[PDB]
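Single chain ahead, written as structure tokens, the form deposited in one PDB entry.
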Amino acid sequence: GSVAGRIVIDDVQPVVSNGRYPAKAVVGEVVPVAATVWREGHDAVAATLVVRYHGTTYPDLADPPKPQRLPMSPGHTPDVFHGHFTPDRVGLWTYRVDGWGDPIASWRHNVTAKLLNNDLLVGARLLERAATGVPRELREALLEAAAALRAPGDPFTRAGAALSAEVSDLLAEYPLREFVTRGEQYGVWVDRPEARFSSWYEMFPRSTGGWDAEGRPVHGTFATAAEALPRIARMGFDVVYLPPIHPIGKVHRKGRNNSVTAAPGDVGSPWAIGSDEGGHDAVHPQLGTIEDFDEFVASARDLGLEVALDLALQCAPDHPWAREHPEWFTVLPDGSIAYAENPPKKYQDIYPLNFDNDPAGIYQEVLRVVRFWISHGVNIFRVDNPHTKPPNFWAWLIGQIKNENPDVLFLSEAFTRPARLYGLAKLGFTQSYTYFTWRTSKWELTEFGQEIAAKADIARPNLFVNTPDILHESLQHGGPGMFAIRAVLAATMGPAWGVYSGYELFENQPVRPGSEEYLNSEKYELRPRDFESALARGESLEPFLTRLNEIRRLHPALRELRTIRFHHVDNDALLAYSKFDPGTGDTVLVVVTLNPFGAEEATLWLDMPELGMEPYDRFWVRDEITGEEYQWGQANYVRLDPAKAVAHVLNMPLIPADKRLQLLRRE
């Protein structure tokens, strides 16, 4: 939406909730901008994209308790202008569309249609006026063209210089602009590249302790956890995500397999935060000290990994806050506090917090906890169920944190209805968990991929193949082939993707039939794993996960969300989609089977202009999985055998600069 002046500017994009929230982008991302710009008559109109960097000041998005002048090109959609900008630093960037009348282009159209004396002299006065705004060293071309128009003779000779590409190119750089109408200014918050493009590996530090001589698991420490990091870095992951590392409640502790009663020696859930040993600003005594955690962070950094900590705003009954601050809880008429819930899920080991009784106290206390972890080198937080806490609290918290350190990122674990999922992303959550795991059919995956592309300005997905809470029925019944299928889908549809430890060992047993919970869930017991022995035996997905991360690093098309395009493949068990990088022209096409058992074949009909080609063009592709090279065209035979490869991940011909910016247009 825009402004109405002598020139009209309308339906400007990207604009979120009418300008209530900034759009999202990352450093080095090409941001497309569209605007409808119009005026009266057959007269030429043009637009300028005005871009400015505002520094690292981050806005408060909820109620608590030198600029660049860039050209805009007219599109094939009449009256729509398109531009783009590539932010080169973290912070708040703004853009504005300025509309203007282009008198010289109007003259050029009228004279060419006519090919006259009056029109020719009018042209001369326009070029003379244009020259007053051109540098002294470049004026001549315009002045000489004006003199020719004025001179007597044939109209074709007279208008020759004025209609030339030399004059046209000079004016494209220094235009004679009339009735300059200033559009509304819209914000884009620009984060570091990891906000969009990152590979996550989730692991429990307590499970890194191995076993004793009797095969009994030994509780890991920050020292053993640090030794488990080189293989994760070798697989190409750059974020190590840890469940909560604080002391675990001793009161109402859960036992093995989500049992309401713990037996002696039972470790309990890391999400039951707090005991007499400390709360959210303490480390679990069996893991080590805060100094041992600092050494774990330094080890992760030396391996090129960064740590993401779980931020769980809840308390075990023995957490220090449960005695020191009863106002932070909902006390029932009988004096008791009800255990936390997320229907149908029950959390008997914890109390939910109340943010309404004493907002100032609890806001400052959570801010203190987050600031504490940031000072210990944590710049990423995975936030549990943000949709169960007040939405204005998250906006306040993210705002306070980003104003002190703009590189701190937050991942929203909100498995909720779309309005709240995207609403939380609008309020400042860097990344969001999605419905990925439950999208298994060709139709579901097509709709899912098209939706993440369409929501690119609002939310960044993080596609986890599995989590400690999610072992999908598809992985339970599909064997190793299905493990490979889901990893291809997440790594190529998701610029951010994730794997929870054990996925590479094909762990597929649920607690009971019809459940999505893992049998002997690591949430309630030590789960050491011998990854090196499974690797040695050829029984690991570790080499394949490594290959997927290498393909991602080699192909910048895989950092993109908005460039996803699905191609027609005449088989319900086959899915095909491409992505491109508007920055380099890098293009990737994925052909993946959804059948993990038998072979699948079909004819793949490519949407050639989306690949920057003509229907009868023939071209070479290289499969990044096998190294096999094929010559393809508009219609190609495809065959996938899950025993050899579950997908082709093809390096496609580069899309030229002119074509890639056009294919990036919004409308």
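By rigid core we mean the largest C-alpha set that fits within 1.5 Å across both forms. We number the residues from 1 along the sequence you see.
Beyond what is shown, the protein has a form deposited in another entry; the following relates to that form.
Engineer: Out of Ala162, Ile248, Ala195, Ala491, I need the residue that shifts by 2 angstroms or more at the Cα between the shown form and the other one, core superposed.
Structural biologist: Meeting the 2 Å or more criterion is only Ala162.
Engineer: Aligning on the rigid core, do we see the C-alpha of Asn110 shift 2 angstroms or more between the shown form and the other one?
Structural biologist: Yes, its C-alpha moves 2 Å or more.
Engineer: Can a Cα shift of no less than 2 Å be assigned to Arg537 between the shown form and the other one, given superposition on the rigid core?
Structural biologist: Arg537: C-alpha displaced by less than 2 Å between the shown form and the other one.
Engineer: Kindly check if the Cα atom of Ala141 is displaced 2 angstroms or more between the shown form and the other one relative to the superposed rigid core.
Structural biologist: Superposed on the core, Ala141 moves its C-alpha 2 Å or more between the shown form and the other one.
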